[PDB]
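Heads up, the chain below is alone and in the form solved without this ligand; it's given as C-alpha cells.
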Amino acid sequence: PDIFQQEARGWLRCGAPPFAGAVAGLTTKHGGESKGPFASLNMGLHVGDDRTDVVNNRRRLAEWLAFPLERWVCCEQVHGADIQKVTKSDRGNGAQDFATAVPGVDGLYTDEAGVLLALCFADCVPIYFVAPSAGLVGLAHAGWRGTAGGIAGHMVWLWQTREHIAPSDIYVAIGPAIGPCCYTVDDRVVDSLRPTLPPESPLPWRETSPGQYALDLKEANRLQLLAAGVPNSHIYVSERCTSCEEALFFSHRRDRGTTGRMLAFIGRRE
C-alpha cells in the first residue's frame, strides 16, 4: 500500500512509521470552495484564484487537522534550492497573504512544535523530512530546477552542519508528484540534473525518442538523498502520480497550466 493513505476528508496522511509523531500529509482536490479550474480545495494563493475561497479552503484543512491557520508557515516557492529555518515567530507568514510568505526559498524546517510547515504542489516533488529523536521536521519543494540545485541534499547538509544531526538520524517521505509516465523533458533539463548525481549512478530518466526523456524526479531526489547520507531504508517513496490520479490531484501538466494546488504539510502538535 502507498505510504500516503486517504483520510476521512480531502487529505492523504503520510503513513510511513517514522512520521507517526508528526502531523504530515498532502491534501486532495475535493472538499473546498474554489471553482472552475481551481475546483475545489485549491490551497494556492499565487495561482489567480479568489483569495477568500483559498483562505476558506485553508481554514477547512486547519479544522480537519485541528492545527489553526495562524500557526502555519509558508514560503514564496521560487523554484530554487534555498531553505530557511523557521520558529514560532514566523507563524502566519504567507498563511493568508502570499506577500508575507518567507521570501526566496523553496523549503522550510523547524525544531519547534506548534508550527505547521505548508507548501503548495501540483506536480513538483514534495519532500518531507523528520528526525524523530531531535524533533526536527522539514519540507521542500523540488521541481526540476530545485532538483538541479540540490535542494534535497541541501536540507540534509543544513541539518548536519547547523543542527548537528547525522544523516543516519533522518527519515524522508517523497510524496505524490508527476511520474515518468507523464513527464517528458528535453536535453537541457537532463543535462542540468547530471552533475547532481554520483558518477556511477543509474540515471532517473529514459530516452523515449531522440532528445526526449521520461523523467522520474522522485527517483532523482532519492538518489541525491542517498548520496547525502540518508539511509536507503529511511527513504519512503509514494507511487502516486499527480497527472495520472486525476480524481485526487491538481496537475500543472495535465490541466494545461491553470489549476489549483494541493498543500503538503508537516508539523508537531504542542
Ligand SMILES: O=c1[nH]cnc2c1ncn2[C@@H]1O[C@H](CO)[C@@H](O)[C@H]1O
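One-based numbering along the sequence shown.
What comes next is about the form deposited with this ligand bound, which is not displayed.
In summary, the region of this chain contacting this ligand in the deposited bound form, judged by heavy atoms within 4.5 Å and restricted to 113-121, 186-194, 152-160, 126-134, corresponds to 113-121. For the options 140, 173, 177, 75, the one in contact with this ligand in the deposited bound form, meaning a heavy atom within 4.5 Å, is 75. Out of the listed residues 230, 26, 47, 217, 47 is the one that sits within 4.5 Å of this ligand in the deposited bound form by at least one heavy atom. The shortest heavy atom separation between residue 41 and this ligand in the deposited bound form exceeds 4.5 Å. Proximity of residue 98 to this ligand in the deposited bound form: non-hydrogen atoms within 4.5 Å are present. For residue 79, a non-hydrogen atom is located within 4.5 Å of this ligand in the deposited bound form, even though that partner is not displayed.
At the 4.5 Å threshold, heavy atoms of residue 58 reach this ligand in the deposited bound form. Along 238-270, a non-hydrogen atom within 4.5 Å of this ligand in the deposited bound form is carried only by 261.
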